[PDB]
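Student: Here it is: the structure, laid out below.
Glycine gets a Cβ as well: all are built from the backbone with ideal geometry, and neighbour counts include every protein chain shown. What follows draws every value from the coordinates through simple rules; no lab data is involved.
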Amino acid sequence: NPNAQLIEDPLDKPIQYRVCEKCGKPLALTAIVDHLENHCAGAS
Ligand SMILES: [Zn+2]
């Protein structure tokens, strides 16, 4: 029986990244939304 055994749910999702043109930080597709929302124009 799996008492301490964990059958890990496969996360076969490579998350893509791009740097934010104005901030310069690498944004993953998972974080693009919250970053884009909270980011400031002129963030340096
Ligand atoms: Zn940004």
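Student: How large is the dipole of the chain about the Cα centre if only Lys and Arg carry +1 and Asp and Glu carry -1, each at its Cβ, rounded to the nearest 20 debye?
Tutor: Computed about the Cα centre, the dipole is about 240 debye.
Student: Name the GluC sites (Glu not before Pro) in the chain that are in a loop by DSSP and that have at most 15 other C-beta atoms within 10 Å, would you? Let's see the in-between values first.
Tutor: Details: sites: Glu8, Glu21, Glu37; in loops: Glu8, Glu21.
For GluC sites (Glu not before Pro) across the chain that sit outside H, G, I, E and B with at most 15 neighbouring Cβ atoms in 10 Å, the list reads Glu8, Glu21.
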